[PDB]
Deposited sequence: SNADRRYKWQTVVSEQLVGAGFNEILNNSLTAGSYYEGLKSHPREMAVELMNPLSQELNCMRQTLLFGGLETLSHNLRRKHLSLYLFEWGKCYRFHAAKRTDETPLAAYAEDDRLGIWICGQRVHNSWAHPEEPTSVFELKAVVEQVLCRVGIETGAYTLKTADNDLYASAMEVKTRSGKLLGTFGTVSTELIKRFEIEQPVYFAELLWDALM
């Protein structure tokens, strides 16, 4: 139910704002090139527009990450020293068909996500941010919806969006999300001269 979930959303948003965050909102339209060669979100699983105006800008996003990188790139150019951002938004993919009886792509799928970015200088002298600050806010979001630290563990991930990342996975085996340090190649691509810590939480799993 959209109204009940929205009430929980704003409660989590209140806590992030309290921790110093800004809310952002990015187009679900994105660049196909962002996804070339990824295994975490393959280019071939992208939902493409029909007869788009641009051949470059023609995919729906599979992750919230890149909209965030763009917003970071943009705001780092404008001299923001310290960026703590979050975004609620839907993501989209095709699932590959298991059998070769119809089409290469079977189901279309969408899912709700919370994206969280910390970059630059720590808000409290020369002190940079770290992934530990991100872990701490991630843990507190889980906490705000009644998920205790004993209910899940952090495991090393193999996610090529990241240089290194932990998956948050419940005692029951529900993937809750991922957080870590965005891969070197991806941050260079968006001309970010500095590390970016990103978490992406699966809202359906937290509800």
Query raised in the report: Since the structure holds only modelled residues, which stretches of the deposited sequence does it leave out?
Result: 1, 126-130
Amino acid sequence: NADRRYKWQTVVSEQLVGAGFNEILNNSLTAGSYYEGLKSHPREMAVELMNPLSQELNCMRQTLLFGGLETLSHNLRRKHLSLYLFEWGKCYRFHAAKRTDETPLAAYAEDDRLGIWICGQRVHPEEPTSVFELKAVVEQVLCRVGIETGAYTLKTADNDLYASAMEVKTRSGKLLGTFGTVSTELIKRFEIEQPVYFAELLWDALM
From here on, numbers count along this sequence of modelled residues.
Requested in this report: Using the B-factors recorded in the PDB entry, average over the C-alpha atoms of 147-155 and of 175-183, then report which stretch comes out higher.
Outcome: 147-155
**Report entry** Average Cα temperature factor in the PDB entry - higher stretch of 165-173, 56-64
**Finding:** 165-173
Query raised in the report: Of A109, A106, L134, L85, which one's C-alpha B factor is largest in the deposited record?
Result: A106
Report task. Name the third of the chain's ranked CA B-factors that contains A96, choosing lowest, middle or highest. Result -> highest
Report task. Classify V123 as lowest, middle or highest third according to the C-alpha B-factor given in the PDB entry, relative to its own chain. Result -> highest
Requested in this report: Please rank the C-alpha B-factors of the chain's modelled residues and tell me whether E23 sits in the lowest, middle or highest third.
Outcome: lowest
Query raised in the report: Taking the C-alpha B-factors as the PDB entry records them, is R78 in the lowest, middle or highest third of its chain?
Result: highest
